[PDB]
Amino acid sequence: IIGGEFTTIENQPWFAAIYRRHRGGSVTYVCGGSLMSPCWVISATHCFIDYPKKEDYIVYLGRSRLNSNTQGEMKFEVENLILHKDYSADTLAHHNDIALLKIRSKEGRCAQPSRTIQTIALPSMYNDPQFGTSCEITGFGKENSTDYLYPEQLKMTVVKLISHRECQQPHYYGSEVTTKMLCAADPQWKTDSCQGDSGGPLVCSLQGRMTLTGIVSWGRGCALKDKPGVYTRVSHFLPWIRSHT
Ligand SMILES: Nc1nc2cc(O)ccc2[nH]1
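Residues 1 to 23, 23A, 24 to 244 (the authors' numbering) make up the sequence shown, in order.
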């Protein structure tokens, strides 16, 4: 993340760090995601679609830093990884970018909702906070685009929400965000998401409740005058999310 602050997990008690295991050479960070209910995490197919053998991922909850074992984490396999039956990578733009992972400790069970391990609620149907709401993102994403290492502490930032007519400024993303893709960014240029963040959460405040408003997906550069980060628009997906759940 190219924005504000370094945080710790208990301000993010739903974050999901997902790792690939390798043939021999060990384990590299895939993406974030978010804890749904002790059996489930939510993220984006673009992360896994090239490499779909559920058995190579190792996701974590309660982990606070890329390569250090933080206080009281729990480790996970992924009993099933479910990718959207319809996904597509158009130039820059991603489509129906959503995915589910059923975790399972080495023991067969979903996770124990600790202090450092909460669910976050899904949105309700046709109710997304309005342009100009500040929401927040978490990930271990590049700090600077020019960087080729992801940061070693976790990062969080907050980011204002854009309206589809504004984000379809042809000076922005044209007809390529669409009704199910949600733009947001800090009034231009300075904080934003980036690489290896997608699958992270966009968590807006609705009535009182932190609510999984959107899932990070794409954006042309990180922190660019006229280039919003776009985030999947979660309420358009609550059917699929229950009928593959
Ligand atoms: N603005 C923005 N650029 C991004 C690039 C990514 O690979 C993932 C999220 C992003 N958000």
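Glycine included, every Cβ here is placed at the ideal spot set by N, Cα and C.
Quick check: what's the CA-CA separation for residue i versus residue j?
{"i": "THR137", "j": "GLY198", "result": "10 Å"}
{"i": "residue 260", "j": "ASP55", "result": "Outside the displayed span of the chain (1 to 244) sits residue 260, for which this structure offers no information."}
{"i": "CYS193", "j": "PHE6", "result": "15 Å"}
{"i": "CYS134", "j": "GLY173", "result": "23 Å"}
{"i": "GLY220", "j": "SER144", "result": "7 Å"}
{"i": "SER104", "j": "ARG164", "result": "44 Å"}
{"i": "residue 249", "j": "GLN167", "result": "Residue 249 falls outside the range modelled here, since the chain spans only 1 to 244, and no answer is possible."}
{"i": "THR244", "j": "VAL202", "result": "21 Å"}
{"i": "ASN11", "j": "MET155", "result": "9 Å"}
{"i": "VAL29", "j": "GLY195", "result": "7 Å"}
{"i": "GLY213", "j": "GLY24", "result": "33 Å"}
{"i": "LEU153", "j": "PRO200", "result": "13 Å"}
{"i": "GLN111", "j": "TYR147", "result": "34 Å"}
{"i": "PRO186", "j": "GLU106", "result": "47 Å"}
{"i": "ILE240", "j": "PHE15", "result": "18 Å"}
{"i": "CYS38", "j": "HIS170", "result": "42 Å"}
{"i": "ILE9", "j": "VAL229", "result": "24 Å"}
{"i": "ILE81", "j": "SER234", "result": "18 Å"}
{"i": "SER123", "j": "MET209", "result": "12 Å"}
Taking only heavy atoms of ligand 3 into account, decide whether any of them is closer than 8 Å to the Cβ of residue i.
{"i": "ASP191", "result": "Looking for ligand 3 in the displayed structure turns up nothing; the ligands present are ligand 1."}
Do the CB positions of residue i and residue j come within less than 9 Å of each other?
{"i": "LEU100", "j": "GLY32", "result": "yes"}
{"i": "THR115", "j": "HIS83", "result": "no"}
{"i": "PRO128", "j": "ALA184", "result": "no"}
{"i": "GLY61", "j": "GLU72", "result": "yes"}
{"i": "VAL176", "j": "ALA88", "result": "no"}
{"i": "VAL215", "j": "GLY4", "result": "no"}
Among the options, whose alpha-carbon lies nearest the alpha-carbon of residue i?
{"i": "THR190", "options": "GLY140, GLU78, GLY107", "result": "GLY140"}
{"i": "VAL26", "options": "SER67, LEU34, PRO13, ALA43", "result": "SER67"}
{"i": "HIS94", "options": "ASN79, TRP217, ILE9", "result": "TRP217"}
{"i": "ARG23", "options": "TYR50, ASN11, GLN129, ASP146", "result": "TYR50"}
{"i": "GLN117", "options": "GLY24, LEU34, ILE240, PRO238", "result": "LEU34"}
{"i": "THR69", "options": "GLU151, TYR125, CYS46", "result": "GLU151"}
{"i": "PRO238", "options": "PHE15, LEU223, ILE97", "result": "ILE97"}
Would you grab the beta carbon distance between residue i and residue j for me? Rounded to a whole angstrom, and I think it's under 8 Å.
{"i": "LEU181", "j": "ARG232", "result": "4 Å"}
{"i": "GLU142", "j": "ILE2", "result": "6 Å"}
{"i": "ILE48", "j": "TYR86", "result": "6 Å"}
Worksheet item: At which residue ranges does the stretch 111–178 contain complete beta strand (DSSP E) runs of 3 or more residues, listed in the order of the chain?
Response: 133–138, 154–159
Practice prompt. List in chain order: all unbroken beta strand (DSSP E) runs of 3+ residues lying wholly within the stretch 49–88.
Written response: 56–60, 73–82
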